[PDB]
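Only one structure is covered here, and it is reproduced in the block below.
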Amino acid sequence: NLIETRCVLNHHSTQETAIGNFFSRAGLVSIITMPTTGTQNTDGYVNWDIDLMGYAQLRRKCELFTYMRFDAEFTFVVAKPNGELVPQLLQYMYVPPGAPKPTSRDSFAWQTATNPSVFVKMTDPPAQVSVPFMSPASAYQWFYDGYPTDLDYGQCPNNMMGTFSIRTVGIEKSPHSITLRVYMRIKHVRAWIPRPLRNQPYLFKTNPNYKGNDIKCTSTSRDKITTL
Amino acid sequence: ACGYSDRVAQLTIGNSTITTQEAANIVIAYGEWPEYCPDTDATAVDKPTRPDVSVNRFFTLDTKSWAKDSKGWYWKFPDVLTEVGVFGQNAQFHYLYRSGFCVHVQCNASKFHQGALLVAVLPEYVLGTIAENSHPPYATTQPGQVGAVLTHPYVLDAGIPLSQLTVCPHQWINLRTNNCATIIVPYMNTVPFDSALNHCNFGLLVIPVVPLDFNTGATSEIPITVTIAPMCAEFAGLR
Amino acid sequence: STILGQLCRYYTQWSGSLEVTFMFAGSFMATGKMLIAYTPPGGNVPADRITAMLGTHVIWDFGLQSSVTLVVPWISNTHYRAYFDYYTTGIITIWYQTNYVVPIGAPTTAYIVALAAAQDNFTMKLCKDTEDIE
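Chains as they are written, first to last, in the UniProt record's numbering: chain S, 627 to 775, 784 to 862; chain A, 75 to 205, 211 to 318; chain R, 421 to 502, 508 to 559.
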């Protein structure tokens with residue numbers, strides 16, 4: 627509707643609009659499930675590449691800028707598929723960029739001291755960690771108009795943020811099915827170069843391809859330029 | 075920037091001159107002036123090469139004809155000049171590259187013509203196909224001198240509204256008034272020196288928001304000449 | 421046809437700078453750009469508009485200036501017989522930078538008048554009766 631009543635006669639706080647508060651708040655970026663046995667769990671481990679272009683809502687927000695630098699905070703919510711918590715010991719290993727990722731439920735990859743791991747019981751309150759600005763360049767960039775050497787067009791490897799190796803501790807397999815929600819919160823934000831906002835459904839994580847057969851108009855349509 | 079009622083000038087740089095009208099209405103990208111790269115350990119044991127020879131002059135690109143149905147054009151930097159003059163062999167034989175730009179856009183039309191051209195610069199101008212997966216070709220991703228034509232100017236061939244491109248260093252050309260634009264562009268990267276061949280720091284767009292109109296019998300194609308001038312262009316050899 | 425071109429025939433050697441001017445006469449309603457380009461002595465003649473833009477030139481918007489001047493930097497002639510000229514001279518090319526533009530009502534064909542002359546550093550020596558008459 628449009629109830630033209632109750633007019634706000636007081637200016638609002640500029641803090642609200644500040645990039646800091648715009649890109650604050652923890653948010654779900656990934657959901658991993660390690661049930662006992664079915665399709666992809668006769669293993670007992672998971673390798674999750676820290677991916678931000680996971681949920682379009684977050685992504686479209688970032689894409690508003692060309693280059694962005696920031697620290698991140700991760701929190702691990704874990705419980706069985708039905709919300710129940712059991713006394714199961716877990717291990718989350720952080721595999722830094724350009725570092726060997728577990729391939730087996732017991733790869734030596736899990737013992738490497740340089741790959742920092744965090745231990746926590748399922749009953750323990752959520753595990754929290756802060757992962758810095760791993761990029762080799764002065765800032766992350768959502769766009770790279772060049773080539774890093784074509785199928786590898788626009789791919790910038792200077793953005794790789796690392797991987798998270800989850801799994802249950804113990805020689806044997808875990809008797810429980812797990813499903814953990816990964817929350818991420820950007821700290822210390824800085825953005826440069828503001829660009830036009832997305833106006834076409836996203837079709838790929840790596841590029842800005844759009845369904846050219848169906849190009850949608852940014853604003854709804856009406857009958858006449860005067861019907862209002 | 076440049077329009078009717080402005081004292082005609084003659085800017086000369088090197089072995090080249092352009093008769094452009096002096097109009098103190100130039101666009102200065104992100105409020106910055108093109109300067110000489112701040113000390114970085116790489117150019118500490120390998121000082122940067124700054125050819126002021128035949129690299130600092132006025133490059134004029136082959137004019138483009140503007141017809142009632144033209145959809146737009148675009149150029150990638152530094153790709154555009156990579157094949158042109160010493161700016162090419164210099165940018166090629168030298169690994170790293172870094173430079174700012176004086177970008178001049180200019181129409182030539184009668185006072186009986188009408189049209190509106192938006193002229194903006196866009197850092198990291200990645201493009202996307204119509205799709211299934213398929214990264215754009217190499218001929219449209221890095222068009223070079225000739226440039227490439229826009230196919231879907233409404234989303235800028237990148238799934239993003241044209242309606243919002245003014246959030247970038249833009250400049251309007253409204254035949255009814257001015258007839259030429261000018262833009263100062265400072266080097267923009269995530270590192271002081273990048274690769275002059277692989278990466279294109281930004282793209283130049285010339286889109287006709289308001290189509291070109293005239294009454295038949297008048298020149299049917301309006302020229303759009305673009306002149307480029309490098310500012311404080313350095314190169315790292317690493318040898 | 422120039423006063424200069426003639427008075428040279430009355431001498432043997434000579435050298436200095438020259439300035440060639442171009443004056444557009446079309447209707448005050450037309451616009452367009454021309455690319456005046458000088459190709460130095462011993463140089464290769466412009467292949468096309470782009471290969472000439474990289475050499476010494478001057479973009480001439482006759483929509484702004486109805487006249488424009490170019491200056492030949494230097495030329496030299498050392499006359500000898502065997508008849509040959511030790512003439513060290515460059516070439517000039519006029520290219521259509523942009524198409525010729527005009528609205529409805531104005532002539533679709535205009536004209537340019539070219540004019541030259543020596544500059545203050547041009548000199549001559551050794552007289553000799555010309556071969557201009559009979």
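Where a beta carbon is used, it is the ideal one built from N, C-alpha and C, also for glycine.
With 16 other Cβ atoms within 10 Å as the buried cut-off, status of residue 139(A): exposed
What does the alpha-carbon distance come out to for the pair residue 771(S) and residue 468(R)? 31 Å
Starting from the C-beta of residue 149(A), find all residues in its chain whose C-beta is less than 6 Å away, skip the five residues before and the five after it, and write them out in chain order. 226 and 283
Classify residue 261(A): buried if its beta carbon has 16 or more other beta carbons within 10 angstroms, exposed otherwise. buried
For residue 820(S), count neighbouring Cβ atoms within 10 angstroms of its own Cβ and tell me buried if that reaches 16, exposed if not. buried
Of the listed residues 313(A), 309(A) and 100(A), nearest to residue 88(A) (C-alpha basis): 309(A)
Taking residue 799(S) as the reference, which of 730(S), 663(S), 645(S) and 699(S) has the closest Cα? 730(S)
In angstroms with no decimal places, state the Cα-to-Cα distance between residue 519(R) and residue 441(R). 12 Å
Residue span of the beta strand (DSSP E) that contains residue 521(R), given as start and end: 516-521
Give the single residue among 118(A), 102(A), 317(A) and 255(A) whose Cα lies nearest to the Cα of residue 79(A). 255(A)
Partner residues on chain R for residue 82(A), Cβ-Cβ distance less than 9 Å: 481, 484 and 485
Along the chain, which unbroken stretches of the beta strand (DSSP E) at least 3 residues long are found entirely within the segment 237-312 of chain A? 249-253, 257-264 and 281-292
Is it buried or exposed for residue 209(A), if we count other Cβ within 10 angstroms and need 16 for buried? Coordinates for residue 209(A) are absent; the numbering of chain A skips from 205 straight to 211.
Contact with chain A by residue 681(S), beta-carbon distance below 8 Å: no
Find the nearest neighbour of residue 815(S) within the set 634(S), 630(S), 648(S) and 658(S), judged by alpha-carbon distance. 658(S)
I want to know whether the segment 656-675 of chain S touches the segment 794-812 of chain S - three or more CB-CB distances under 8 Å. yes
If I follow the unbroken beta strand (DSSP E) through residue 181(A), where does it start and stop? 170-181
Taking residue 512(R) as the reference, which of 422(R), 421(R) and 428(R) has the closest Cα? 428(R)
Give me the Cα-Cα distance between residue 113(A) and residue 311(A), rounded to the nearest whole angstrom. 15 Å
Under three-state DSSP, which class holds residue 527(R)? coil
Note down, in chain order, each residue of its chain lying with its Cβ closer than 8 Å to the Cβ of residue 544(R), except the 5 sequence neighbours on either side. 436, 437, 438, 439 and 491
If residue 856(S) sits next to residue 238(A), beta carbons under 8 Å apart, how far is it from one beta carbon to the other, in whole angstroms? At roughly 24 Å, the Cβ-Cβ gap does not stay under 8 Å, so residue 856(S) and residue 238(A) are not in contact.
Please work out which residues of its chain come closer than 8 Å, Cβ to Cβ, to residue 767(S), disregarding the five sequence neighbours upstream and downstream, and give them in chain order. 692, 693, 694, 790, 792 and 793
Are the C-beta of residue 204(A) and some C-beta of chain S separated by less than 8 Å? yes
Let me check understanding here. Comparing Cα to Cα, which of 635(S), 645(S) and 632(S) lies closest to residue 822(S)? 645(S)
Residue 505(R): contacting residues in chain A (beta-carbon distance under 8 Å): As shown, the structure holds no coordinates for residue 505(R); chain R passes over it, running from 502 to 508.
Interface residues of chain A around residue 784(S) at Cβ under 8 Å? 214, 217 and 220
Throw me the rounded Cβ distance for the residue 135(A) and residue 84(A) pair, which I believe falls under 8 Å. Their Cβ separation, rounded to whole angstroms, is 20 Å, which puts residue 135(A) and residue 84(A) out of contact at 8 Å.
Assign residue 550(R) to one of two classes, buried (16 or more other C-beta atoms within 10 Å of its C-beta) or exposed (fewer than that). exposed
Closer than 8 Å to chain A by CB, residue 845(S): yes
Residue 115(A) - DSSP class collapsed to helix/strand/coil: helix
For the segment 158-171 of chain A against the segment 230-237 of chain A, are there 3 or more C-beta pairs whose distance is under 8 Å? no
Does the beta carbon of residue 534(R) come closer than 8 Å to any beta carbon on chain A? no
So which residues of chain A does residue 769(S) contact, with C-beta pairs closer than 7 Å? 198 and 200
Whole-number beta carbon distance between residue 102(A) and residue 306(A), since they are thought to touch under 8 Å: Not a contact, Cβ separation roughly 17 Å.
Classify residue 761(S) as buried or exposed, calling it buried when 16 or more other Cβ atoms lie within 10 Å of its own Cβ. buried
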